[PDB]
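Visitor: One structure, as C-alpha cells, below. Some questions next.
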Amino acid sequence: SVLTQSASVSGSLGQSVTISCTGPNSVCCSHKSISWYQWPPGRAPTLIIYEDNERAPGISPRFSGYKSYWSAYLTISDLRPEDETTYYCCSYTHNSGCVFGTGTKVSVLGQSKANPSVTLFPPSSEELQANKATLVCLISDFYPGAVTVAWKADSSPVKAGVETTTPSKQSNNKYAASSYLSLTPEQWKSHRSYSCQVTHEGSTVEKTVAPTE
Amino acid sequence: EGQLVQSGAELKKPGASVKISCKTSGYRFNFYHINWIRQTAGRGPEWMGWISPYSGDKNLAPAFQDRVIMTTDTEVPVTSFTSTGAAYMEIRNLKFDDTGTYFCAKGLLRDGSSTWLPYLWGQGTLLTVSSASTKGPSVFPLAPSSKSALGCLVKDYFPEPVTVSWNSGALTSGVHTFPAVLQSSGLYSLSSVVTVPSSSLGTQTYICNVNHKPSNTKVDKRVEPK
Amino acid sequence: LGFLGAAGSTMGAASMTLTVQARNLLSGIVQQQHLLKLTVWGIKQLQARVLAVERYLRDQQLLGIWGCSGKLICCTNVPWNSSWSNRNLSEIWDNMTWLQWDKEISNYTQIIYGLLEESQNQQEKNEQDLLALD
Amino acid sequence: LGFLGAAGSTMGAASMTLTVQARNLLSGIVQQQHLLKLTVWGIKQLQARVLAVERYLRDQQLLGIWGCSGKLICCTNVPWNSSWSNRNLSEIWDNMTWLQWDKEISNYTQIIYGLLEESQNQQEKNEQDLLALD
Amino acid sequence: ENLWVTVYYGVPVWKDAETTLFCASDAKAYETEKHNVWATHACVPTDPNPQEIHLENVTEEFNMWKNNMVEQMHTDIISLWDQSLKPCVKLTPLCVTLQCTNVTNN
Amino acid sequence: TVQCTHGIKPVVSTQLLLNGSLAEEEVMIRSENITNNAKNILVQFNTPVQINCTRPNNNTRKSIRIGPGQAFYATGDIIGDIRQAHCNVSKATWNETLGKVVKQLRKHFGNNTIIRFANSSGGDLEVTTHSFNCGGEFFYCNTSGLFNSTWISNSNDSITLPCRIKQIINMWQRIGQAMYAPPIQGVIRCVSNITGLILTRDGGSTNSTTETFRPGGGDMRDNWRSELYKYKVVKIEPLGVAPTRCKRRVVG
Ligand SMILES: *[C@@H]1O[C@H](CO[C@@H]2O[C@@H](C)[C@@H](O)[C@@H](O)[C@@H]2O)[C@@H](O[C@@H]2O[C@H](CO)[C@@H](O[C@@H]3O[C@H](CO[C@H]4O[C@H](CO)[C@@H](O)[C@H](O)[C@@H]4O[C@@H]4O[C@H](CO)[C@@H](O[C@@H]5O[C@H](CO)[C@H](O)[C@H](O)[C@H]5O)[C@H](O)[C@H]4NC(C)=O)[C@@H](O)[C@H](O[C@H]4O[C@H](CO)[C@@H](O)[C@H](O)[C@@H]4O)[C@@H]3O)[C@H](O)[C@H]2NC(C)=O)[C@H](O)[C@H]1NC(C)=O
Ligand SMILES: *[C@@H]1O[C@H](CO[C@@H]2O[C@@H](C)[C@@H](O)[C@@H](O)[C@@H]2O)[C@@H](O[C@@H]2O[C@H](CO)[C@@H](O[C@@H]3O[C@H](CO[C@H]4O[C@H](CO[C@H]5O[C@H](CO)[C@@H](O)[C@H](O)[C@@H]5O)[C@@H](O)[C@H](O)[C@@H]4O)[C@@H](O)[C@H](O[C@H]4O[C@H](CO)[C@@H](O)[C@H](O)[C@@H]4O[C@@H]4O[C@H](CO)[C@@H](O)[C@H](O)[C@H]4NC(C)=O)[C@@H]3O)[C@H](O)[C@H]2NC(C)=O)[C@H](O)[C@H]1NC(C)=O
Ligand SMILES: *[C@@H]1O[C@H](CO)[C@@H](O[C@@H]2O[C@H](CO)[C@@H](O[C@@H]3O[C@H](CO[C@H]4O[C@H](CO[C@H]5O[C@H](CO)[C@@H](O)[C@H](O)[C@@H]5O)[C@@H](O)[C@H](O)[C@@H]4O)[C@@H](O)[C@H](O[C@H]4O[C@H](CO)[C@@H](O)[C@H](O[C@H]5O[C@H](CO)[C@@H](O)[C@H](O)[C@@H]5O)[C@@H]4O)[C@@H]3O)[C@H](O)[C@H]2NC(C)=O)[C@H](O)[C@H]1NC(C)=O
Ligand SMILES: *[C@@H]1O[C@H](CO)[C@@H](O[C@@H]2O[C@H](CO)[C@@H](O[C@@H]3O[C@H](CO[C@H]4O[C@H](CO[C@H]5O[C@H](CO)[C@@H](O)[C@H](O)[C@@H]5O)[C@@H](O)[C@H](O[C@H]5O[C@H](CO)[C@@H](O)[C@H](O)[C@@H]5O)[C@@H]4O)[C@@H](O)[C@H](O[C@H]4O[C@H](CO)[C@@H](O)[C@H](O)[C@@H]4O)[C@@H]3O)[C@H](O)[C@H]2NC(C)=O)[C@H](O)[C@H]1NC(C)=O
Ligand SMILES: *[C@@H]1O[C@H](CO)[C@@H](O[C@@H]2O[C@H](CO)[C@@H](O[C@@H]3O[C@H](CO[C@H]4O[C@H](CO[C@H]5O[C@H](CO)[C@@H](O)[C@H](O)[C@@H]5O)[C@@H](O)[C@H](O)[C@@H]4O)[C@@H](O)[C@H](O[C@H]4O[C@H](CO)[C@@H](O)[C@H](O)[C@@H]4O)[C@@H]3O)[C@H](O)[C@H]2NC(C)=O)[C@H](O)[C@H]1NC(C)=O
Ligand SMILES: *[C@@H]1O[C@H](CO[C@@H]2O[C@@H](C)[C@@H](O)[C@@H](O)[C@@H]2O)[C@@H](O[C@@H]2O[C@H](CO)[C@@H](O[C@@H]3O[C@H](CO[C@H]4O[C@H](CO)[C@@H](O)[C@H](O)[C@@H]4O)[C@@H](O)[C@H](O)[C@@H]3O)[C@H](O)[C@H]2NC(C)=O)[C@H](O)[C@H]1NC(C)=O
Ligand SMILES: *[C@@H]1O[C@H](CO)[C@@H](O[C@@H]2O[C@H](CO)[C@@H](O[C@@H]3O[C@H](CO)[C@@H](O)[C@H](O)[C@@H]3O)[C@H](O)[C@H]2NC(C)=O)[C@H](O)[C@H]1NC(C)=O
Ligand SMILES: *[C@@H]1O[C@H](CO)[C@@H](O[C@@H]2O[C@H](CO)[C@@H](O)[C@H](O)[C@H]2NC(C)=O)[C@H](O)[C@H]1NC(C)=O
Ligand SMILES: *[C@@H]1O[C@H](CO)[C@@H](O)[C@H](O)[C@H]1NC(C)=O
Ligand SMILES: *[C@@H]1O[C@H](CO)[C@@H](O)[C@H](O)[C@H]1NC(C)=O
Ligand SMILES: *[C@@H]1O[C@H](CO)[C@@H](O)[C@H](O)[C@H]1NC(C)=O
C-alpha cells in the first residue's frame with residue numbers, strides 16, 4: 001500500500017479524535033483530492049467526507065477535516081458510542097479511481113465497563129452419535145474487546161483442546177465471541193466433570209456445568 | 001437513495017473464472033457509474049475499475065486491466081426518474097491472494113469535480129478461492145444446561161456463510177446472532193443466539209432451519225427435551 | 001442544444017444555456033402566417049396566439065417586480081429557508097434535473113414568490129428614500 | 001390590503017404597498033379557463049383578454065422609455081414645475097389620497113409625460129457618447 | 001448557512017396538459033384542384049425545415065388512450081365536415097313518393 | 001421535442017386503416033387494456049399490404065335544376081355493361097401478415113390457445129364492413145373473406161371482396177344531418193396501402209382456450225390513435241427558482 005494511516009488511535013466520550021494520512025508525490029495529498037470511508041470489518045461500508053471538507057448528505061456536521069501540502073486528516077467531534085469501527089481513506093483526481101489507505105482501527109475508550117450475561121451451552125443427545133467432542137459458550141456486552149482463553153478438564157488447563165476464535169464487534173456496538181473444542185470421544189468419556197474458565201476482571205462468579213450430566 | 005444489491009455466494013477453484021452480478025433499483029442507471037473493490041486477508045481493501053453504463057468509456061486499474069474486464073447492459077425504465085439495471089464483471093485468473101469479500105457501489109454524483117468514487121454500497125459478495133472441496137454442514141441442537149438465551153448449533157462446514165438460522169421467520173425482532181469460527185482442522189462452525197423470554201416448552205416451538213449452498217438444506221432440526 | 005437540449009442534463013449544464021429555451025417560446029409556432037376567413041382553423045390560430053402572449057406576459061410581469069426586467073439570471077437578496085430543502089450546495093446542482101427540482105418545490109413554490117416581491121423590490125426600491133438625494 | 005387596501009388611505013401609506021396592486025391586475029380574472037365554441041360568452045372573453053394585455057402593455061411601454069423597465073418606483077431627473085402644484089413636501093403626502101391627486105394633475109398630466117422621455121432617456125442614454133469608451 | 005435564492009428565466013420544466021392546436025400543410029393542390037374539405041381554402045403553411053431536437057437522459061411517460069390530442073382531432077374534423085357542407089345544395093324536395101322498378105336485366 | 005407533427009392524413013376507414021405510419025419491428029399490438037377482452041385493440045403493420053379497390057360502373061352526370069339555381073346530380077343510364085364493385089388483396093402477401101400478427105399475439109395472449117378468426121359478428125353493415133370514402137363515392141367492401149384463415153401452434157392469385165356503393169351517408173353515427181354523395185362520373189380506382197387493423201372481443205369465454213379477435217371499428221376516434229400513439233403535449237414552465245450563495249448590491 002502506498003497510502004498511509006494514523007494506525008490505532010484512541011479517544012473518549014464527548015471528545016474529538018484526529019486521524020492523519022500523508023503520501024508520496026505520486027499519489028500524495030498535494031493537489032490530489034481525497035475522501036474518507038467508514039468500514040465495519042466484515043459488514044457493509046459507508047461514506048463520510050467528499051473531496052475535501054464538504055461532508056456527506058446525512059452525515060452529521062460533527063466530522064471536520066482539512067488538507068495541507070501533505071497532511072490529510074479527519075476530526076470526528078463529539079464522539080458517540082457508535083463510532084467504534086475501523087476507518088479508511090482514498091485519494092483520487094477527477095478522472096481516476098480511489099487509492100485506498102491501510103486501516104485506522106479506531107477505538108473509543110471512556111465507555112462504561114459492562115458485565116456480560118454469559119452462560120455455557122453443553123452438548124446434547126445428538127453430539128454423542130457422531131462422537132465429535134465440542135463445547136462452546138456465549139458472551140455479549142463484555143467491553144473491553146479483550147479475550148482470555150481458558151478451560152478446566154481434570155482441574156487443569158487443556159493443551160490440545162483450546163480453540164482460539166476471532167472476536168467480533170456486536171451489532172449493538174459491543175463485542176461477541178465464542179470458544180470451541182476439538183477432541184476425541186474417548187477423552188470426553190475419560191474425563192467426566194468439567195469447568196468453565198473466563199478470566200473476567202471482577203468477582204469470581206462464573207457458571208460451571210458437567211458434560212456427563 | 002437507490003438501493004444496490006449484489007448476487008453473492010459464488011465460489012470456484014483457483015484456476016477458474018466466475019462472474020458476479022449486482023441488481024440495481026431506485027436510481028437512474030444511465031449516468032451513475034459502477035465500480036468495484038475488494039478486501040483481502042490483508043488489512044487494506046483496494047479499488048478495481050469504474051464503468052459507465054453510458055458510452056462505456058472505462059478506466060480500470062492497471063494491474064487488473066490485463067486479466068479482469070467488465071461490461072454492463074442497458075436498463076429498463078420504471079418511471080422518469082427511477083429505473084432498474086444490472087452490472088456484471090468477469091475475472092480470468094485468481095489465486096488464494098484473490099480470495100475475500102467483493103463489493104459493488106453506486107457512483108458518487110453525475111458531474112465533474114468527482115464521480116468515480118462510490119456512494120451507496122450493496123450487501124456484498126464473499127468469494128473463497130480455497131482449493132479444498134465443498135462439504136455439507138452438520139446440524140446439532142445445542143441445548144441449555146440449567147433449564148432442568150437459546151439457539152442451535154452448526155459443526156464442520158467447509159466454506160462461506162450459512163446466514164439465516166430460524167424457522168418460519170417467526171421472530172426477527174430481538175434475535176442476537178453470532179459469527180463463524182476457524183477450526184484447527186480448517187472446517188468452520190458457528191452458533192446463533194436468540195433472546196426470548198423464558199417460558200414453558202410445551203407451549204411454544206423450538207425449531208430452527210439453516211439455508212446452505214455448498215449442499216442444499218432440507219431438515220430443520222429441533223432441540224432435545226433434556 | 002437547439003431547444004431543450006439539456007432537459008435531461010444537470011441543472012448546472014442546463015443553467016449554462018437557458019437563453020435558448022427563452023428565445024424560442026414567445027416567437028415560436030410561425031403564427032405570423034371561397035372568400036371568408038371564419039374557419040375553424042383561424043379561430044384555433046387566434047386563441048392559440050392569445051395564450052402565447054398571455055402566458056409569456058404572465059411570467060414577464062413577475063420578473064419586472066423582482067428587478068429582473070432584462071436579465072435571465074438575477075441573484076435575489078431573499079434568504080433561503082432550510083425547510084424548503086435540506087440538500088447541500090453540490091448535492092442538488094450536480095445530481096438533479098430541473099424536472100426533479102420543479103416537483104420538489106411545487107408545494108411551497110408560491111411561498112417563495114410572495115417573499116421575493118417584498119425584500120427585493122417592496123423594500124429595496126424604498127431604501128432609496130434616505131439615499132437618493134441627501 | 002389584499003387589493004386596493006389603501007385606496008382611501010394616504011398617498012404615503014399607499015406608496016408603502018403598491019406592489020400588490022400591480023401584481024393582480026395583469027394576471028387577474030381567471031382568464032386562463034353541442035360542439036361549437038362560437039358562443040356569445042367566448043367572444044366577450046377573448047376581447048376582454050385582449051384589452052387585458054393591451055392596457056397593460058400600453059402602460060409598460062411608458063416605463064421602458066423612462067429607465068423603469070423593472071422598477072415599481074423610479075426617481076426621475078426631471079425638475080418639478082411650480083405651476084403644476086403649489087403645495088409643500090408634507091402638505092400633499094400626509095393629506096391627499098391618490099384619487100384626489102389624480103384629478104389635480106389630470107389637466108397637465110400629458111405635459112409631464114412628454115418631458116419625462118426627454119431628460120431621463122432621450123438625453124441620458126445619449127450622455128454616454130463621451131463616457132462609454134474614452 | 002448563508003445561502004441566497006436565485007431566479008432563472010428559461011428553465012426546462014413542464015407539466016402534463018393540453019390546449020388548442022392548429023393545421024399545417026404546404027402548397028398541395030391550390031389551382032389544379034381546390035375547395036378541399038380538410039385543408040379548407042387556406043391553412044397555416046408548414047416550413048420545409050423540420051423542427052426536431054433529440055432529447056437525451058429524459059424518460060417522460062406518454063399516454064395514448066388518455067391522450068387529448070386525438071380528442072381535439074376527433075372534434076376538429078367533425079366541425080370541419082359540417083363547415084364544408086353548410087354552403088351547399090339542400091335536398092329537401094327530394095322526399096316525394098318514389099315509384100321505382102328494377103333495372104333492365106333482360 | 002418536435003414543434004410540428006409528421007404528415008398526418010385523416011383516413012376515414014373502418015376495421016382496416018389505410019396509409020398509416022409505422023416504424024419497424026414486429027407488428028405492434030396496442031391496447032388500452034389487454035386483460036379486458038371487451039376493449040378494442042389497435043394493430044400496426046410492420047409492412048403494408050398493397051390493396052386496390054374500384055367500381056366498374058360507367059356512370060353519367062344527370063343535372064336537374066331544383067328551384068332557382070341548385071341542381072341535383074343523379075345517375076343516368078349506366079353505359080358499357082353493369083358490374084359489381086370489388087377490392088383485391090394480395091393473397092400471398094396477406095397470409096404473411098396474418099402470420100406475423102398471430103406470432104406476436106402469442107407471447108401476448110398465453111401462447112397456448114386456439115386462433116378463431118371469423119367475420120365481424122353482429123353490428124351494422126356500415127360498421128362491420130370496411131367502410132371508407134374513396135374517389136368521391138363511399139365503398140363498403142365485404143371484410144368476411146379476409147379473416148377466414150386459421151393458423152395455430154406451428155400472374156399470382158389474389159383474394160377479392162364484393163363491395164357495394166352508397167350515396168346517402170352521415171358517418172360517425174351523427175344523426176343530425178345526412179348528405180347525398182354525387183356519383184363521380186367516369187372511372188374510379190382507390191389503390192391504397194393498408195397499414196392497420198381494428199379487432200374487437202371474442203365472447204365471454206370462461207378460462208378454457210380458443211379465442212382471437214374479430215374486426216370491429218365501432219369508434220371513429222380510434223382511427224386517429226394509430227398515428228398519435230407517440231405524441232403528447234406539455235405545458236412549458238420557464239420559471240424555476242434555485243438557491244445559491246449569491247446576492248446583488250446591498251442598497252439600491
Ligand atoms: C446526460 O447525457 C450526457 C451526454 O451529453 C453529451 O453532450 C456532449 C458533450 C457530447 O459528448 C454528446 O455526445 C453527449 O450526448 C452525459 O454526459 C456525461 O456525463 C458523464 C458523467 O457525469 C461525464 O463523464 C466523465 O466526466 C469526467 C469529469 O469531467 C472533468 O472535467 C469537467 C469539465 O472540465 C469537470 O467539470 C469535471 O468535474 C472533471 O474534472 C476536471 O477535469 C479536467 C480535465 O483534467 C481538469 O482540467 C485541468 O485544468 C487544469 C487547470 O485548472 C489544466 O489545464 C489541466 O491541463 C486540465 O486537465 C479540471 O481541473 C477538473 N476540474 C473541474 C473543472 O471540475 C471526465 O473526466 C470523464 O472524461 C472521460 O470522457 C471524456 C469525454 O469523452 C474524455 O475526453 C476523457 O478522456 C475520459 O475518457 C467523463 O467525461 C461526461 O463527460 C458527460 N458528457 C460526455 C462528454 O459524455 C450524462 O452522463 C447524462 N446524464 C446526466 C448526468 O444527466
Ligand atoms: C330507366 O328509366 C328511364 C325512364 O323511362 C321512363 O319510362 C319510359 C317508359 C318513358 O316513358 C320515359 O319517358 C320515362 O322517363 C329510361 O329512359 C327512357 O327509356 C325509354 C325506354 O323505352 C325510352 O323510351 C323510348 O323513347 C323513344 C323516343 O321517345 C323520346 O321522345 C319522345 C317524343 O319524341 C317524338 O318524336 C321522336 C322523333 O323526334 C320519336 O322518336 C318519338 O317516338 C316521339 O314521336 C318522348 O315522348 C319520349 O319520352 C322520349 O323522350 C321512343 O321512340 C321509344 O318508343 C317506341 O319504341 C320502343 C322500343 O324502342 C317501344 O317499346 C315503344 O312501344 C315505342 O313504340 C312506339 O313508337 C311510336 C313512335 O311514334 C309511338 O308513337 C308509340 O306510342 C310507341 N308504342 C307504344 C304504344 O309505346 C321509347 O318510348 C325513353 O326515351 C328514355 N328516356 C327519355 C330520353 O325520355 C331508361 O332507359 C331506363 N334505364 C335503362 C338503361 O333501361
Ligand atoms: C391513401 O393514399 C392513396 C395514394 O395513392 C390515395 O389514393 C389515390 O392516390 C392517387 C394518386 O395519383 C390519387 O389519384 C389522383 O386522381 C385525380 C382524379 O381527378 C380526376 O378527375 C377530376 C374530376 O373529374 C373531371 O375530369 C374527368 C376526367 O378525368 C371527367 O371524366 C369528369 O367529368 C370531370 O370533368 C379532374 O379534375 C382531374 O383532372 C382528374 O381527371 C387525378 O386528378 C390525379 O392526377 C394525377 O394523375 C393523373 C393520372 O396519372 C395525371 O393525369 C395528372 O396529371 C396532370 O394533368 C391532369 C389533367 O389535366 C390534371 O388534372 C392534374 O392536376 C395534373 O396537372 C396527375 O399526375 C391523380 O390521378 C387519388 O385521388 C387518390 N384517392 C383515391 C381515389 O383513392 C388514397 O385516397 C388515400 N386514402 C384513402 C383511401 O382515402
Ligand atoms: C360477406 O361475404 C361473406 C362470404 O362468406 C358472407 O357470408 C355468408 O353468410 C351467409 C349467412 O350467414 C351464408 O348463407 C348461407 O350459408 C348456407 C350454409 O350451407 C348449408 O348447406 C351446405 C351445403 O353448402 C355447400 O357450400 C357451403 C358453403 O356455404 C359449404 O360449407 C358446404 O360444405 C357445401 O359445400 C351444408 O354443407 C352446410 O352444413 C353442412 O356441411 C358443413 C360443411 O361441411 C358442416 O360443417 C355441417 O356440419 C353440415 O354437415 C349448411 O347446411 C348455404 O346453404 C346458403 O345458400 C347456399 O345455397 C344457395 C342456393 O343454391 C346458394 O345461392 C348460395 O350461394 C349457397 O350456396 C347460404 O349461402 C353464406 O354461406 C356465407 N358465405 C357465402 C356467401 O357463401 C357475408 O354475409 C357477407 N356480408 C354481407 C355484408 O352480407
Ligand atoms: C381492464 O379493465 C377490466 C375491467 O373488468 C379489469 O378487469 C378486472 O377483472 C377481474 C377479473 O377477476 C375482476 O375481478 C372481479 O370483479 C368482480 C366484479 O364485481 C361484480 O360483482 C359485484 C358484486 O356482485 C355479485 O357477484 C359477486 C361475484 O363475485 C359476488 O361476490 C357478490 O357477493 C355479489 O353476489 C358488483 O358489486 C360489481 O359491480 C360487479 O358487478 C368483483 O366482484 C371481484 O371482487 C373479488 O376480488 C376482489 C379483489 O381481490 C375482492 O376485494 C372481493 O372481495 C372479491 O373477492 C373481482 O374484483 C375485476 O373487478 C375487474 N376490474 C374491474 C374494474 O371491475 C382489468 O383489471 C383491467 N386491466 C388490467 C389491469 O388488466
Ligand atoms: C406536497 O404536499 C402534499 C400535500 O401537502 C399539503 O401541502 C403542503 C404545502 C403543506 O401545506 C401540507 O401541510 C399539506 O397537507 C403531499 O401530499 C401527500 O400525498 C400522500 C400520498 O398520496 C398522502 O398520503 C396519504 O396517506 C393516506 C393514509 O394515511 C395513513 O397514515 C395516517 C396518519 O398516521 C393514518 O391516520 C391512516 O390510517 C393511514 O395509516 C392514504 O389513505 C392516502 O391515499 C394517501 O396515500 C398525504 O396525506 C399527502 N399529504 C398530506 C399531509 O395530506 C405531497 O407528498 C408533497 N410532496 C412533496 C414532494 O413534498
Ligand atoms: C364510359 O362511357 C363513355 C360514354 O359512352 C365512353 O366514352 C366514349 O368512348 C368511345 C371510345 O371509342 C368514344 O369513341 C367513339 O365515338 C363515336 C362518335 O360518338 C362513336 O360513334 C363510336 O361508337 C365510339 O363511341 C366516344 O366518343 C365516347 N363518348 C361517347 C359519347 O360515347 C367511355 O369510353 C366509357 N368508359 C371509358 C372511360 O372508357
Ligand atoms: C410459446 O411457448 C413456448 C414454451 O411455452 C416458448 O418457448 C420458450 O419456453 C421457455 C420455457 O417455458 C420460456 O422460458 C421461453 O421464454 C420461451 N421462449 C420465448 C423466447 O418466449 C415459445 O418461445 C413461445 N412462443 C414463441 C414462438 O415465442
Ligand atoms: C449541509 O446541510 C446541513 C443540514 O443538513 C447544513 O446544516 C449545512 O450548513 C449544509 N452545508 C453547508 C455548506 O452549509
Ligand atoms: C325487384 O326486386 C325486388 C327486391 O326485393 C323484388 O322484391 C321484386 O320482386 C323484383 N321484381 C322483379 C319483377 O324482378
Ligand atoms: C394493384 O394494382 C397494381 C398495378 O400494377 C398491381 O401491380 C397489384 O398487384 C395490384 N394489387 C392487388 C392485389 O390488387
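Ordering of the C-alpha cells sets the chain letters (A, B, ...), residue numbers begin anew at 1 in every chain, and ligands are numbered from 1 in the order given.
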Could you list the protein, DNA and RNA residues that have any atom within 10 Å of ligand 6, counting only C-alpha atoms and all ligand atoms, and write them as a count of residues only?

Guide: 14

Visitor: Taking only C-alpha atoms and all ligand atoms into account, which residues are within 9 Å of ligand 7, as a PyMOL selection string?

Guide: chain F and resi 57-60+78-80+185-187

Visitor: Compare D:115, D:99, D:133, D:46 by their minimum atom-to-atom distance to residue 65 in chain D, counting only C-alpha atoms, and give me the closest one.

Guide: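 Comparing D:115, D:99, D:133, D:46 against residue 65 in chain D, the winner is D:115.
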
Visitor: Could you name the residues that touch range 87-97 of chain F at 7 Å or less, counting only C-alpha atoms, but leaving out those on the same chain fewer than 2 positions away, as a VMD selection string?

Guide: chain F and resid 49 51 to 54 99 to 101 141 157 to 162

Visitor: Can I get the selected residues back with N, CA, C and O atoms, as a PDB file, in the first residue's frame?

Guide:
ATOM      1  N   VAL F  49     -49.804  -3.882 -46.863  1.00  0.00           N
ATOM      2  CA  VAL F  49     -50.303  -4.756 -47.919  1.00  0.00           C
ATOM      3  C   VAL F  49     -50.965  -3.885 -48.978  1.00  0.00           C
ATOM      4  O   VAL F  49     -51.950  -3.192 -48.697  1.00  0.00           O
ATOM      5  N   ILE F  51     -53.370  -2.840 -51.540  1.00  0.00           N
ATOM      6  CA  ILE F  51     -54.714  -3.238 -51.940  1.00  0.00           C
ATOM      7  C   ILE F  51     -55.221  -2.274 -53.001  1.00  0.00           C
ATOM      8  O   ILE F  51     -54.797  -1.115 -53.074  1.00  0.00           O
ATOM      9  N   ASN F  52     -56.136  -2.768 -53.833  1.00  0.00           N
ATOM     10  CA  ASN F  52     -56.778  -1.984 -54.881  1.00  0.00           C
ATOM     11  C   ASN F  52     -58.283  -2.200 -54.812  1.00  0.00           C
ATOM     12  O   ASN F  52     -58.744  -3.344 -54.867  1.00  0.00           O
ATOM     13  N   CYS F  53     -59.050  -1.113 -54.700  1.00  0.00           N
ATOM     14  CA  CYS F  53     -60.499  -1.171 -54.852  1.00  0.00           C
ATOM     15  C   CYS F  53     -60.924  -0.307 -56.035  1.00  0.00           C
ATOM     16  O   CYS F  53     -60.241   0.661 -56.391  1.00  0.00           O
ATOM     17  N   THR F  54     -62.065  -0.652 -56.634  1.00  0.00           N
ATOM     18  CA  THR F  54     -62.594   0.067 -57.789  1.00  0.00           C
ATOM     19  C   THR F  54     -64.031  -0.369 -58.045  1.00  0.00           C
ATOM     20  O   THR F  54     -64.449  -1.460 -57.644  1.00  0.00           O
ATOM     21  N   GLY F  99     -49.864 -14.080 -40.253  1.00  0.00           N
ATOM     22  CA  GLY F  99     -48.942 -14.926 -39.524  1.00  0.00           C
ATOM     23  C   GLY F  99     -48.054 -14.142 -38.579  1.00  0.00           C
ATOM     24  O   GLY F  99     -47.749 -14.607 -37.478  1.00  0.00           O
ATOM     25  N   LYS F 100     -47.622 -12.950 -39.000  1.00  0.00           N
ATOM     26  CA  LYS F 100     -46.811 -12.118 -38.118  1.00  0.00           C
ATOM     27  C   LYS F 100     -47.628 -11.585 -36.952  1.00  0.00           C
ATOM     28  O   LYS F 100     -47.089 -11.391 -35.856  1.00  0.00           O
ATOM     29  N   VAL F 101     -48.920 -11.343 -37.164  1.00  0.00           N
ATOM     30  CA  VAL F 101     -49.763 -10.839 -36.086  1.00  0.00           C
ATOM     31  C   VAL F 101     -49.982 -11.919 -35.034  1.00  0.00           C
ATOM     32  O   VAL F 101     -49.825 -11.679 -33.833  1.00  0.00           O
ATOM     33  N   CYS F 141     -66.522  -2.547 -48.704  1.00  0.00           N
ATOM     34  CA  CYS F 141     -66.071  -3.848 -49.176  1.00  0.00           C
ATOM     35  C   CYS F 141     -66.236  -4.911 -48.096  1.00  0.00           C
ATOM     36  O   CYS F 141     -65.977  -4.670 -46.914  1.00  0.00           O
ATOM     37  N   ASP F 157     -52.285 -15.501 -57.689  1.00  0.00           N
ATOM     38  CA  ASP F 157     -53.649 -15.464 -57.177  1.00  0.00           C
ATOM     39  C   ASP F 157     -53.791 -14.424 -56.070  1.00  0.00           C
ATOM     40  O   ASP F 157     -52.925 -14.295 -55.201  1.00  0.00           O
ATOM     41  N   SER F 158     -54.900 -13.683 -56.104  1.00  0.00           N
ATOM     42  CA  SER F 158     -55.176 -12.644 -55.120  1.00  0.00           C
ATOM     43  C   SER F 158     -56.637 -12.718 -54.703  1.00  0.00           C
ATOM     44  O   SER F 158     -57.526 -12.790 -55.555  1.00  0.00           O
ATOM     45  N   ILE F 159     -56.880 -12.691 -53.393  1.00  0.00           N
ATOM     46  CA  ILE F 159     -58.243 -12.765 -52.881  1.00  0.00           C
ATOM     47  C   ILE F 159     -58.950 -11.436 -53.112  1.00  0.00           C
ATOM     48  O   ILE F 159     -58.367 -10.357 -52.935  1.00  0.00           O
ATOM     49  N   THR F 160     -60.214 -11.506 -53.523  1.00  0.00           N
ATOM     50  CA  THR F 160     -61.019 -10.326 -53.785  1.00  0.00           C
ATOM     51  C   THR F 160     -62.258 -10.329 -52.897  1.00  0.00           C
ATOM     52  O   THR F 160     -62.648 -11.360 -52.341  1.00  0.00           O
ATOM     53  N   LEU F 161     -62.879  -9.153 -52.772  1.00  0.00           N
ATOM     54  CA  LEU F 161     -64.015  -8.952 -51.880  1.00  0.00           C
ATOM     55  C   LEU F 161     -65.145  -8.252 -52.626  1.00  0.00           C
ATOM     56  O   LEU F 161     -64.896  -7.267 -53.342  1.00  0.00           O
ATOM     57  N   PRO F 162     -66.388  -8.715 -52.490  1.00  0.00           N
ATOM     58  CA  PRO F 162     -67.510  -7.997 -53.106  1.00  0.00           C
ATOM     59  C   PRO F 162     -67.822  -6.718 -52.347  1.00  0.00           C
ATOM     60  O   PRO F 162     -67.798  -6.684 -51.115  1.00  0.00           O
TER      61      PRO F 162
END

Visitor: One number please: atom 59 (C, counted along the ligand's line) of ligand 5 to CA of residue 200 in chain F, in Å, one decimal.

Guide: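 Between atom 59 (C, counted along the ligand's line) of ligand 5 and CA of residue 200 in chain F the gap is 19.4 Å.
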
Visitor: One decimal, Å: what's the distance from CA of residue 55 in chain C over to CA of residue 68 in chain C, could you say?

Guide: 17.4 Å

Visitor: Residues up to 10 Å from ligand 10, counting only C-alpha atoms and all ligand atoms: could you list those as a PyMOL selection string?

Guide: chain E and resi 100-105

Visitor: Restricted to C-alpha atoms, what would the selected residues look like written as a PDB file, in the first residue's frame?

Guide:
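New file out_24.pdb:
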ATOM      1  CA  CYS E 100     -89.321   2.666 -58.989  1.00  0.00           C
ATOM      2  CA  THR E 101     -88.819  -0.598 -60.849  1.00  0.00           C
ATOM      3  CA  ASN E 102     -85.856  -2.958 -61.064  1.00  0.00           C
ATOM      4  CA  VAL E 103     -83.185  -2.194 -63.656  1.00  0.00           C
ATOM      5  CA  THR E 104     -83.006  -3.795 -67.121  1.00  0.00           C
ATOM      6  CA  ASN E 105     -81.520  -7.274 -66.592  1.00  0.00           C
TER       7      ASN E 105
END

Visitor: Please identify the alpha helix (DSSP H) residues within range 134-208 of chain A (assignment by DSSP from backbone atoms) and present them as a PyMOL selection string.

Guide: chain A and resi 185-190

Visitor: Got a sec to check which residues lie within 8 Å of ligand 1, using only C-alpha atoms and all ligand atoms, and send them as an MDAnalysis selection string?

Guide: (chainID A and resid 93:96) or (chainID B and resid 30:33 52 54:55 57:59 109:115) or (chainID C and resid 8:10 94:95 97) or (chainID E and resid 56:57)

Visitor: Counting only C-alpha atoms, a student should be able to say which residues of chain C come within 7 Å of chain E; what is the right answer, written as number ranges by chain?

Guide: C: 2-5, 7-9, 18-19, 21-22, 33-34, 40-41, 44-45, 48, 72-80, 98-99, 102

Visitor: Could you please select, counting only C-alpha atoms, the residues of chain C within 12 Å of chain A and state them as a PyMOL selection string?

Guide: chain C and resi 85-92

Visitor: Distance atom 63 (O, counted along the ligand's line) of ligand 4-CA of residue 139 in chain F, one decimal place?

Guide: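 Calculated distance between atom 63 (O, counted along the ligand's line) of ligand 4 and CA of residue 139 in chain F is 23.9 Å.
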